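Heads up: the protein sequence lines correspond to chains A, C, A', C', D, B, B' and D', in order. A prime marks a further copy of an entry chain. According to the authors' numbering, the first sequence holds residues 1 to 162 in order. According to the authors' numbering, the second sequence holds residues 1 to 162 in order. According to the authors' numbering, the third sequence holds residues 1 to 162 in order. According to the authors' numbering, the fourth sequence holds residues 1 to 162 in order. According to the authors' numbering, the fifth sequence holds residues 1 to 172 in order. According to the authors' numbering, the sixth sequence holds residues 1 to 172 in order. According to the authors' numbering, the seventh sequence holds residues 1 to 172 in order. According to the authors' numbering, the eighth sequence holds residues 1 to 172 in order. Step one of this worksheet: look at the structure below.
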Amino acid sequence: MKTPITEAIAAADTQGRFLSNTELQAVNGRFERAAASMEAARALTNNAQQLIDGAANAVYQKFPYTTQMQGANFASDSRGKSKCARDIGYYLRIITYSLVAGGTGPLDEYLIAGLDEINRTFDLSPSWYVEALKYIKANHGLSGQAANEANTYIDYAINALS
Amino acid sequence: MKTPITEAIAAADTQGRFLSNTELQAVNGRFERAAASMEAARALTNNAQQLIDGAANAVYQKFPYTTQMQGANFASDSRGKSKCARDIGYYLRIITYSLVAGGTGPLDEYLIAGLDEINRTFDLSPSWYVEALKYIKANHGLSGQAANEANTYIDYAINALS
Amino acid sequence: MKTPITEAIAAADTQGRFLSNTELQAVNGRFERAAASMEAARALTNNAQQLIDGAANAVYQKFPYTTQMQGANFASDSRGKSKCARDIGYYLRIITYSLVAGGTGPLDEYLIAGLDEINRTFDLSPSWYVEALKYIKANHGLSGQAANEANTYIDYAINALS
Amino acid sequence: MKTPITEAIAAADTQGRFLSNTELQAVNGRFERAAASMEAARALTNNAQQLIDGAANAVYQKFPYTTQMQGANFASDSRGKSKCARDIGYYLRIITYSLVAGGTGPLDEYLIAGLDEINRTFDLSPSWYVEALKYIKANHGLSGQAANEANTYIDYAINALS
Amino acid sequence: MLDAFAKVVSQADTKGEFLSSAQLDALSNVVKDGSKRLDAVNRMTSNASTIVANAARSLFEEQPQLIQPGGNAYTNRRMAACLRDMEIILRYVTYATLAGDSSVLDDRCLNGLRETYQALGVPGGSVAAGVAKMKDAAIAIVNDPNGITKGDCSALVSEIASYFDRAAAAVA
Amino acid sequence: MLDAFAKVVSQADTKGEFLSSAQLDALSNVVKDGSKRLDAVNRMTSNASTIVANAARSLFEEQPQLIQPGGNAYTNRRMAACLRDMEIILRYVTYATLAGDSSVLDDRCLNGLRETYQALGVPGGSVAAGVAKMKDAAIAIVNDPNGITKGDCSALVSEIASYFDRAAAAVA
Amino acid sequence: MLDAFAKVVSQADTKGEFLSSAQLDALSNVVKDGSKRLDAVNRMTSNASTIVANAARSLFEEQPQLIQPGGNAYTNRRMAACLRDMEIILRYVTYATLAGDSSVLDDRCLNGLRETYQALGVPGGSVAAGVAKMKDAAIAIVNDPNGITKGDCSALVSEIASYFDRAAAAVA
Amino acid sequence: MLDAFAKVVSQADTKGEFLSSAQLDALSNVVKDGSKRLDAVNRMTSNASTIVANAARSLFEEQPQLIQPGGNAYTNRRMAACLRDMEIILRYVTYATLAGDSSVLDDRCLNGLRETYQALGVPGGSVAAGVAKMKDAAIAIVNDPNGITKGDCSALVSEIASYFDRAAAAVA
Ligand SMILES: *[C@@H](C)[C@H]1/C(=C/c2[nH]c(/C=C3N=C(/C=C4\NC(=O)C(CC)=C4C)C(C)=C\3CCC(=O)O)c(CCC(=O)O)c2C)NC(=O)[C@@H]1C
Ligand SMILES: *[C@@H](C)[C@H]1/C(=C/c2[nH]c(/C=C3N=C(/C=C4\NC(=O)C(CC)=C4C)C(C)=C\3CCC(=O)O)c(CCC(=O)O)c2C)NC(=O)[C@@H]1C
Ligand SMILES: *[C@H](C)[C@H]1/C(=C/c2[nH]c(/C=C3N=C(/C=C4\NC(=O)C(CC)=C4C)C(C)=C\3CCC(=O)O)c(CCC(=O)O)c2C)NC(=O)[C@@H]1C
Ligand SMILES: *[C@H](C)[C@H]1/C(=C/c2[nH]c(/C=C3N=C(/C=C4\NC(=O)C(CC)=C4C)C(C)=C\3CCC(=O)O)c(CCC(=O)O)c2C)NC(=O)[C@@H]1C
Ligand SMILES: *[C@H](C)[C@H]1/C(=C/c2[nH]c(/C=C3N=C(/C=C4\NC(=O)C(CC)=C4C)C(C)=C\3CCC(=O)O)c(CCC(=O)O)c2C)NC(=O)[C@@H]1C
Ligand SMILES: *[C@H](C)[C@H]1/C(=C/c2[nH]c(/C=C3N=C(/C=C4\NC(=O)C(CC)=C4C)C(C)=C\3CCC(=O)O)c(CCC(=O)O)c2C)NC(=O)[C@@H]1C
Ligand SMILES: *[C@H](C)[C@H]1/C(=C/c2[nH]c(/C=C3N=C(/C=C4\NC(=O)C(CC)=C4C)C(C)=C\3CCC(=O)O)c(CCC(=O)O)c2C)NC(=O)[C@@H]1C
Ligand SMILES: *[C@H](C)[C@H]1/C(=C/c2[nH]c(/C=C3N=C(/C=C4\NC(=O)C(CC)=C4C)C(C)=C\3CCC(=O)O)c(CCC(=O)O)c2C)NC(=O)[C@@H]1C
Ligand SMILES: *[C@H](C)[C@H]1/C(=C/c2[nH]c(/C=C3N=C(/C=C4\NC(=O)C(CC)=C4C)C(C)=C\3CCC(=O)O)c(CCC(=O)O)c2C)NC(=O)[C@@H]1C
Ligand SMILES: *[C@H](C)[C@H]1/C(=C/c2[nH]c(/C=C3N=C(/C=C4\NC(=O)C(CC)=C4C)C(C)=C\3CCC(=O)O)c(CCC(=O)O)c2C)NC(=O)[C@@H]1C
Ligand SMILES: *[C@H](C)[C@H]1/C(=C/c2[nH]c(/C=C3N=C(/C=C4\NC(=O)C(CC)=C4C)C(C)=C\3CCC(=O)O)c(CCC(=O)O)c2C)NC(=O)[C@@H]1C
Ligand SMILES: *[C@H](C)[C@H]1/C(=C/c2[nH]c(/C=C3N=C(/C=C4\NC(=O)C(CC)=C4C)C(C)=C\3CCC(=O)O)c(CCC(=O)O)c2C)NC(=O)[C@@H]1C
């Protein structure tokens, strides 16, 4: 899959040559960032349940009709609320995938591809998930560069919905 | 000019997009190494005269005929010795260019291109300049990553001669 | 293989015609030169051992570090000196091949092809072999056109190293 | 003009290189034969009038009707006999051109091109000129390689008529 | 294109000289501010929509005829084109910011842009005003002290403002 | 191809679960050995000629008929191709060393190499011998404590040795 | 293709040795017969029509049904193709005579000639007959002592005869 | 292109005349000096690097600004280009020397070269000086009495010098 390391190796192999100092400079930039990336991925994975439930509740408070109107696509009953939390879990899960991989690869392949027609078919508003990702971004309890790494990929998923 | 920064910007521009997270990761890898690269460039520029004169004398001791035999391609007189020190100054100067830029660009453009034609025409043995570079590499006085940076670009100029 | 005679025959056959007076003029030029070429090839083959050993010794005297420094690529010990003489023998052997063939064919096919990466991989300086060929050229004991034929192909190998 | 020398120079120029050893071998083959070629050209030019008049008379004896029958394409009067001697002079002149140049170039350009159209239009039997050339070949008085050179270019003009 | 290092090296190669201690100090300053440079570029990028929006809003309040019938920014086609141009100029500004040299912005964006606007009927002065409001919005986003290690970014900020002013002058 | 992180991510996506603490720990360990991984790749790359030369030398000392008339490595044409093969295998081992995963080495170099080698009549056992000689020469260069910060690289060296053993076993 | 010298050089390169005195002597002998070799080629070339005519004449005297209605050489189309075949074989024999080696004759003319001749239904035995007639006519022309320096050409003539026998045996 | 023989033959064909005894004598002189001509061409060729080097050195001592910063021969790119031009002119001089006629040098090298230099900013006078120093170096190498049968080459040497002077005048 497309990661900064496999990208550098692919460029070197295409020209049938060893990795250059510039490619080794780029891989070092990834290995430096990877510490913050791993801390963010560890935090989001550990606090998955609290972040998921808080994100769903933030969407319900923001768009109250999602818990009031009937219809299978809404979250008025227990089945809908559980589907919502499952969805938000899917988003956060693939976000940690990307934090581990050091690139958007997993988000592009596992989440964004076909996401627009899934949401369109089942009448799921993208602004719901944008709000859930906004909550996770403001409640992951990270600081410094680990917060910046998390925010980079959370914003990447937000922009894919907009 | 080709530098790691201009390469990343050119990649983003050809796709008409802002710089991605992976491109910024690569630029960070260059900025991280740039402190050690700038250290090497400063040490080589301050000790330029001492390193140049030492490299020339290293060549004269390794290839004794270059100070003995008559001939315009040899350093058996004052004129030849000035030309030899000048050439070594050219090599080291362009090596500091590459350390400053963060890539082999200046070495490729300002030194290596046409170098084999110059050496062949004027009967300058490339082994002479390999030996001068080997002395500068063994006696620049640097340590740690500043030495590693200086070594990679001196080794690059050595390989261009082989 | 590419010899002046097979070159003339190939040009005639490509146009499906007998050899012209001009092609027969060129082949005569080869047959005239072939007497000096054969004398040179006979001399270098007979005095192979003395020429090889003298060439190796001329390289050792010219570049004294080749017999002083340790390292498998140098000739400090008996194994290195024997490898050096074997190499110089390879050069002279293929040079006599070219003198017999009346063209650079054997030198291009048996020696120069891949020579640059062989020397680069095993850290063998081309200027060593240039000096050995310079000795053989100055000590083959030929005169007139046989000396010129020998010098033509010795200089051809020298230029392939430069 | 196409000569062995201009052919070799054109070959070197199209590859943007100096002349090779094989090209110089070919040019030597032309210079070696040029002494005999120049001998033939001198003998044919000095004995031009005697060879021309003898060749014409050889044709009149071999094809007796050419001096008997009326007709403008025949040599039964003074005008026709002058035209016939002139034509044979043309053939021999251009043959000396080719001997001087060292190749069939002048014969190809100055004589053979259009020759069949000229002979057909004016009803000049090519067998007449084959016979005149056969006389000049049998009676030029040359020996050795000068005769061989003259013969090859006279035979070339004969073959162009057949 | 040139960055700050390649520009200095190209001037030194023409003079045939080693880098002076002045040039070595200047580039060491650029290298020590490299992390701030990344923060600046990443903040302008992550907030490109906000920077364009704040700029367009202030431009349309100042020149309301742009968004009224017959305005050069009226209709969906001209509005989308206008926003695309603002994002384009910002994109090239972030190039020059990461590079430390305006060469990429001058060559691949500003060169001949004035003539392009005068041919299309686009108000160059209005574009220059919009670019200036992009500058103020981008600087405010870059200089936001929240969620970032405190420090002086004033030299960088002056550099970024110079790239914006360069962009504005090429169309005014 | 996959690096160390993409392999774990791809297996967790197949299972549809978050990554466990054991997987996070293993990948965090790879990250903490990042500078050591770069040193190994940089040392194996800049000494690639020395590595191939040392392995070729020892192979030709043990099987001297390879550089004797009739040998599969005799003549300029076959010796240069032998050295080219050595460089290629070492190049792909450095790819795997950087990636932390042998996927690139197996897919693009080792797959079908024995079948081709058998077709060209190249002694696959001698190639596997020279590959094992590269391992010794490459690991000695990697493990050189000169001019480098002292530390334990045994896990990295064992990983690199496994890549060389994979290449050797693919042609043996 | 190979000439006399390339064949010896290629075999010595396979053995990896210098050329012996016996090989140097044999190739020096070829060089001393160089002017004689050129005479043979020049005489076989400039008399190529006479050679083909003499061989064809004697072949059609011995096998008169070839130029009789129904014959494989009757009609203008087949007679011209027969003469063209004669010229081609003689042309390649002169190639071999100049090269001092039959490699060009075997590779580019004789290889697969019997199979084609059998396909087109051309009597291969009659072709081999005419080829042997060319040999007699060509050798008589080569051996003509008129207008040439007297000397022994028996080795050269025997070599040329061997080339004609190779062609004859390739279709017989 | 024309050589000495083709030039004489082309003039005679236009006049429609046999060659005079003057022209036949002149060409017999060229043929008798053919071996010296080959020696001259082969000596200039084998020593092309030395001839260029000696010429460039003397030119750069005479005009030191060429190899100083801002000089037209400074930097690796302009130096390699300058040396390439010197070798080019020498190459075409050796063509005219073997041919005995300057037609190839005039047509395929000198024609329009002046205009090419004035467009590229190359000092035509400096090139003409360099070509003159090539002449002196080549003549010295051609007239070297060591390792060659003694004899008078003065006519040839005058011819070669005329080709060099021709080359110099086309750019001065
Ligand atoms: C000026 C814009 C503001 C400012 C910047 C600032 N940051 C630091 C600290 C850091 N900034 C980074 C940025 C990155 N490294 C990367 O690889 C990437 C892209 C993937 C980015 C965006 C980093 C790594 C650091 C160090 C860790 C930390 O958080 O401290 C400083 C002080 C340290 C320094 O100068 O290097 C400053 C000044 N601070 C302000 O107050 C300005 C508004
Ligand atoms: C003028 C440049 C110098 C000079 C020349 C010179 N040489 C001879 C002798 C010979 N030169 C050759 C040259 C060649 N024949 C070839 O086929 C080739 C290329 C493959 C070359 C280069 C030959 C064959 C000879 C004859 C053998 C011999 O060595 O004598 C002479 C005198 C004989 C003659 O003119 O033909 C001269 C004058 N000598 C000088 O002193 C000038 C400096
Ligand atoms: C939560 C923010 C809001 C919400 C959620 C909701 N979702 C459904 C059903 C589905 N959600 C998905 C999404 C995905 N499936 C995948 O494989 C991936 C890739 C990781 C994604 C993003 C899909 C496909 C469905 C339909 C099929 C299924 O049930 O799995 C419902 C029920 C809708 C229905 O018609 O069944 C709900 C309620 N709705 C709200 O009101 C919340 C605010
Ligand atoms: C010193 C190691 C040995 C040595 C040096 C030497 N050089 C010359 C002349 C030249 N050196 C160059 C090299 C360059 N010029 C460039 O622009 C560049 C790229 C930056 C390079 C690498 C060139 C072009 C020349 C010739 C032109 C000139 O003078 O500048 C000499 C004199 C040679 C002569 O024939 O004039 C010498 C002696 N020789 C030794 O023996 C030293 C060991
Ligand atoms: C002698 C001038 C210097 C010298 C010689 C030396 N060579 C080696 C090893 C090798 N030489 C070759 C060259 C060839 N092999 C071929 O098939 C051909 C084509 C004809 C050539 C030109 C090669 C391939 C090797 C390495 C493999 C082998 O041993 O056969 C050594 C030992 C180096 C080593 O690492 O084993 C030496 C010492 N070194 C000097 O110092 C002399 C001045
Ligand atoms: C002499 C062997 C027999 C002969 C000759 C004859 N020729 C003519 C007229 C012409 N001859 C030519 C030939 C050439 N003109 C060229 O430029 C060239 C190339 C160098 C050649 C070969 C031409 C063109 C003519 C016609 C134009 C002219 O007069 O020049 C005649 C008179 C024919 C007429 O109709 O006027 C004759 C008699 N005829 C014999 O019987 C001789 C045996
Ligand atoms: C917005 C603040 C102002 C404005 C802009 C506007 N532009 C167009 C059309 C074009 N804009 C460009 C600019 C670029 N394209 C590039 O590729 C680059 C460099 C990377 C630049 C700088 C171009 C080329 C055009 C041509 C047509 C197009 O749409 O691409 C319009 C529409 C014009 C029309 O009549 O349709 C507008 C409105 N208009 C305003 O009022 C603002 C002041
Ligand atoms: C040297 C260690 C041994 C040896 C090697 C040898 N190989 C050939 C020919 C080939 N080797 C390859 C291998 C690759 N090409 C690639 O692109 C890749 C990576 C995807 C690999 C692994 C191939 C394809 C060939 C055939 C095509 C070619 O030659 O380039 C030779 C020459 C064989 C010959 O000339 O007939 C040799 C000598 N032989 C030994 O004896 C050493 C043990
Ligand atoms: C194991 C192979 C040997 C070893 C390695 C080692 N290195 C460190 C520290 C560092 N290694 C590097 C190397 C690079 N960074 C890059 O960006 C690049 C390519 C452009 C390279 C080649 C760096 C920068 C460091 C940090 C600074 C330093 O010099 O220490 C350690 C210490 C622990 C750590 O991981 O940092 C070790 C162990 N040392 C040995 O003894 C092993 C033989
Ligand atoms: C004449 C001695 C005998 C004879 C010959 C004959 N051949 C054909 C047809 C062909 N001959 C060839 C031979 C070659 N073509 C080449 O290029 C080469 C060298 C590489 C050779 C040796 C070929 C290819 C053909 C078929 C294609 C063609 O005709 O060009 C014929 C005509 C057969 C027909 O018309 O059906 C004849 C007569 N036949 C005899 O009887 C003589 C004994
Ligand atoms: C054997 C076929 C007959 C024979 C040949 C013979 N020739 C010589 C001498 C020479 N032959 C040539 C021929 C050429 N040189 C060329 O460049 C060309 C093509 C352009 C040809 C055709 C030459 C120049 C000579 C030297 C001068 C001379 O005429 O003698 C000999 C004598 C020994 C020798 O090899 O020189 C012989 C024997 N003579 C016979 O009787 C055989 C029938
Ligand atoms: C060297 C003594 C002087 C000098 C030369 C110089 N030339 C260039 C560029 C060019 N030279 C040529 C000449 C030819 N190319 C051909 O193919 C032929 C005929 C076969 C000729 C005569 C050409 C076409 C060029 C154009 C560009 C190129 O490099 O090919 C330069 C570089 C110019 C630049 O600005 O890069 C130089 C330096 N300069 C001196 O100072 C010497 C006096």
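For each residue, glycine too, the CB sits at the ideal point set by N, CA and C.
Residue i versus residue j: straight-line alpha-carbon distance, rounded
| i | j | result |
| --- | --- | --- |
| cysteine 84 of chain C | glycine 70 of chain D' | 21 Å |
| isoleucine 141 of chain D' | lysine 135 of chain D' | 10 Å |
| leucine 99 of chain A' | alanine 12 of chain B' | 14 Å |
| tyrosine 60 of chain C' | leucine 156 of chain D' | 49 Å |
| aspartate 144 of chain D | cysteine 153 of chain D | 11 Å |
| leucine 120 of chain B | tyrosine 110 of chain A' | 20 Å |
| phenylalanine 74 of chain A | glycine 80 of chain A | 6 Å |
| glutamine 118 of chain D' | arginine 57 of chain D | 57 Å |
| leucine 24 of chain B | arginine 91 of chain B | 29 Å |
| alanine 101 of chain C | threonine 3 of chain C | 6 Å |
| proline 64 of chain A | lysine 134 of chain A | 17 Å |
| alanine 6 of chain D | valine 27 of chain A' | 59 Å |
| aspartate 107 of chain B | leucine 92 of chain A | 32 Å |
| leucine 113 of chain B' | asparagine 151 of chain C' | 36 Å |
| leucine 124 of chain A | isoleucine 51 of chain D | 29 Å |
| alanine 132 of chain A' | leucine 115 of chain A' | 16 Å |
Count the C-beta pairs between the stretch 18–37 of chain D' and the stretch 29–47 of chain C' that are closer than 8 Å, then say yes if the count reaches three, no if not. yes
At what residue ranges does the stretch 111–170 of chain B' contain a whole run of the alpha helix (DSSP H), taking only runs of 4 or more? 113–119, 124–142, 154–169
For the pair the stretch 10–27 of chain C and the stretch 50–59 of chain C, tell me if three or more CB-CB distances fall below 8 Å. no
The stretch 38–47 of chain D' in contact with the stretch 86–100 of chain D' per 3-pair CB rule at 8 Å: yes
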